[PDB]
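K.L.:
Provided below: model_13.json, containing JSON, C-alpha atoms.
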[["chain", "number", "residue", "atom", "x", "y", "z"],
["Q", 1, "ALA", "CA", -182.27, -197.22, -15.11],
["Q", 2, "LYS", "CA", -181.42, -195.99, -11.61],
["Q", 3, "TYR", "CA", -183.98, -193.83, -9.80],
["Q", 4, "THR", "CA", -183.39, -192.22, -6.41],
["Q", 5, "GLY", "CA", -186.28, -191.63, -4.03],
["Q", 6, "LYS", "CA", -186.93, -190.70, -0.41],
["Q", 7, "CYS", "CA", -189.31, -192.38, 2.04],
["Q", 8, "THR", "CA", -190.68, -191.61, 5.50],
["Q", 9, "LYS", "CA", -190.78, -193.73, 8.66],
["Q", 10, "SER", "CA", -194.31, -192.53, 9.40],
["Q", 11, "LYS", "CA", -195.80, -193.08, 5.94],
["Q", 12, "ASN", "CA", -193.35, -195.90, 5.19],
["Q", 13, "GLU", "CA", -193.65, -194.82, 1.56],
["Q", 14, "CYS", "CA", -190.90, -193.77, -0.86],
["Q", 15, "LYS", "CA", -191.07, -191.20, -3.66],
["Q", 16, "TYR", "CA", -188.93, -190.98, -6.79],
["Q", 17, "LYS", "CA", -189.03, -189.35, -10.23],
["Q", 18, "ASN", "CA", -189.26, -191.44, -13.40],
["Q", 19, "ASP", "CA", -188.33, -190.65, -17.01],
["Q", 20, "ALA", "CA", -191.71, -188.90, -17.21],
["Q", 21, "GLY", "CA", -190.39, -186.16, -14.95],
["Q", 22, "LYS", "CA", -193.34, -186.61, -12.60],
["Q", 23, "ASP", "CA", -192.98, -187.52, -8.92],
["Q", 24, "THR", "CA", -194.11, -191.07, -8.18],
["Q", 25, "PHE", "CA", -194.70, -192.37, -4.66],
["Q", 26, "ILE", "CA", -194.70, -196.07, -3.80],
["Q", 27, "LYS", "CA", -195.15, -197.94, -0.52],
["Q", 28, "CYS", "CA", -192.07, -199.54, 1.05],
["Q", 29, "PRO", "CA", -191.60, -203.09, 2.40],
["Q", 30, "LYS", "CA", -192.54, -203.66, 6.04],
["Q", 31, "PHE", "CA", -189.97, -206.47, 6.23],
["Q", 32, "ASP", "CA", -187.09, -206.18, 8.70],
["Q", 33, "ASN", "CA", -184.84, -206.67, 5.67],
["Q", 34, "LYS", "CA", -185.88, -203.28, 4.29],
["Q", 35, "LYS", "CA", -187.99, -200.48, 5.78],
["Q", 36, "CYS", "CA", -188.09, -196.81, 6.75],
["Q", 37, "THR", "CA", -186.58, -195.98, 10.14],
["Q", 38, "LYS", "CA", -186.25, -192.22, 9.70],
["Q", 39, "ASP", "CA", -188.05, -189.52, 7.72],
["Q", 40, "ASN", "CA", -186.66, -188.19, 4.44],
["Q", 41, "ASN", "CA", -184.86, -191.52, 4.11],
["Q", 42, "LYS", "CA", -183.54, -192.85, 0.79],
["Q", 43, "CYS", "CA", -184.44, -195.86, -1.35],
["Q", 44, "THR", "CA", -183.69, -197.43, -4.74],
["Q", 45, "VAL", "CA", -185.87, -198.72, -7.58],
["Q", 46, "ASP", "CA", -184.88, -200.32, -10.88],
["Q", 47, "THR", "CA", -187.24, -200.99, -13.78],
["Q", 48, "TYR", "CA", -184.77, -203.34, -15.46],
["Q", 49, "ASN", "CA", -184.38, -205.67, -12.48],
["Q", 50, "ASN", "CA", -187.68, -204.63, -10.89],
["Q", 51, "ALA", "CA", -185.77, -204.59, -7.61],
["Q", 52, "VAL", "CA", -186.41, -202.17, -4.74],
["Q", 53, "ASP", "CA", -184.39, -201.22, -1.66],
["Q", 54, "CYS", "CA", -185.71, -199.12, 1.23],
["Q", 55, "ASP", "CA", -183.40, -197.45, 3.74]]
Let's see the structure in the file written out as structure tokens.

P.N.:
Amino acid sequence: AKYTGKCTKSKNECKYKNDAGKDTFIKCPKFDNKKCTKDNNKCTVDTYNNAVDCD
């Protein structure tokens, strides 16, 4: 239940692949606690805990 995705500092949006095999892109949090500082960054998303973490 661990999916790895990359986000950009310009688009502030991450992108990861699910069990479907397709590439899914989701916006990242604009909170100082978690956000995109550099391009091609890395984030985390869990469907079990519904938790997300942006570089």

K.L.:
Of the residues Q:13, Q:2, Q:7, Q:54, which is the one nearest to residue 35 in chain Q, using all atoms listed in the file?

P.N.:
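Checking each candidate against residue 35 in chain Q, we get Q:54 as the closest.
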
K.L.:
I'd like the interatomic distance between CA of residue 12 in chain Q and CA of residue 50 in chain Q, to a tenth of an Å.

P.N.:
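Between these atoms lies a distance of 19.2 Å.
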
K.L.:
Using all atoms listed in the file, which residues sit within 12 Å of residue 53 in chain Q once same-chain residues fewer than 3 positions away are excluded, as a ChimeraX atom specification?

P.N.:
/Q:2-7,13-14,26-36,41-46,49-50

K.L.:
Quick one: everything within 6 Å of residue 24 in chain Q, counting all atoms listed in the file, minus sequence neighbours fewer than 2 positions away in the same chain. Send it as a PyMOL selection string.

P.N.:
chain Q and resi 15-17

K.L.:
Please report the interatomic distance between CA of residue 38 in chain Q and CA of residue 11 in chain Q in Å with one decimal.

P.N.:
10.3 Å

K.L.:
Here is a test: counting all atoms listed in the file, which residue of Q:18, Q:25, Q:55, Q:39 is nearest to residue 1 in chain Q?

P.N.:
Q:18
